[PDB]
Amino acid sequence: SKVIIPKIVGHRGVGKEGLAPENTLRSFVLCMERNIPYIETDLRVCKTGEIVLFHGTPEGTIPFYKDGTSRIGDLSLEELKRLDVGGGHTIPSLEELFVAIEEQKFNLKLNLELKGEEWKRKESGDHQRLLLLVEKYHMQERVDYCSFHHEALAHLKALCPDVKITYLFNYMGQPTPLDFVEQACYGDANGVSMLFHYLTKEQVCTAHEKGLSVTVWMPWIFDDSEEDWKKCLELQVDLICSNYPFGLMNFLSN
């Protein structure tokens, strides 16, 4: 077991660092600049069809907009691109990020979460919209799709088996199931992703013995610090979806 140094995934961009609002282009740009190899972002579909980047509350609300009352599926692209998130930055589309990346030269790769009322839905047009968008930016080999709801991934796989997918576990604090590794293979996932509090040395092994990659996931609620990263290394995970990528990088320095 030649020691694995894990790679950083920027949670919603620069994550919980000061410098920019979550799921905002300035956040993703900043991640490239600081030379961080991956970011995670949250895909949802807005009223007029297009794929937008936004987590929002446990039930897909937009806390800052109006009564704090609306879901993304309620709003046109234009109205969405007229909302303040941070002091000055705005909700991006998926295309805007692609465009961003393309004018750049850093080989950023992405983890796209299908934040999913209706990724589960049998054809809306949603998955083809996604895929065609990806390939219209020759992003096929730099994009990994993930979800807590694995049926959503199957729909991608159905249209294009080449797509790379990571199965996400511990949905509502559910313990990792015994069959988690069988699930992911059967579903033709190349990786698994687990919440930090629910992750064993032995699960990392199970996963590695079947040549699947393992990603530690830090919920937004959780401020990951050096103490946790220490355990991450002990675990020998492949990637860490950190809320403090710059801290994580500064750590891995040593």
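The numbering used is simple: start at 1 and walk along the sequence shown.
J.: If you average the Cα B factors in the entry, which is higher, 6-14 or 232-240?
T.: According to the entry, 6-14 carries the higher average C-alpha B-factor.
J.: Could you check which stretch, 143-151 or 76-84, carries the larger mean CA temperature factor in the entry?
T.: Here the higher of the two C-alpha B-factor means belongs to 76-84.
J.: If you compare 71, 105, 164, 129, which has the highest Cα B-factor in the entry?
T.: It is 71.
J.: Checking the record values for 56, 37, 187, 211, which has the greatest CA B factor?
T.: Comparing C-alpha B-factors across 56, 37, 187, 211, the maximum falls on 56.
J.: Compared with the other modelled residues in the chain, in which third is the CA B-factor of residue 220?
T.: Answer is lowest: the recorded C-alpha B-factor places it there.
J.: Comparing residue 179 with the other modelled residues of its chain, is its CA B-factor in the lowest, middle or highest third?
T.: For residue 179, whose C-alpha B-factor we compare with every modelled residue in the chain, the answer is the lowest third.
J.: Name the third of the chain's ranked CA B-factors that contains residue 111, choosing lowest, middle or highest.
T.: Answer is middle: the recorded C-alpha B-factor places it there.
J.: Among the modelled residues of its chain, does the C-alpha B-factor of residue 41 lie in the lowest, middle or highest third?
T.: Its C-alpha B-factor belongs to the middle third of this chain's values.
J.: Name the third of the chain's ranked CA B-factors that contains residue 136, choosing lowest, middle or highest.
T.: Tercile = middle for this residue's CA B-factor.
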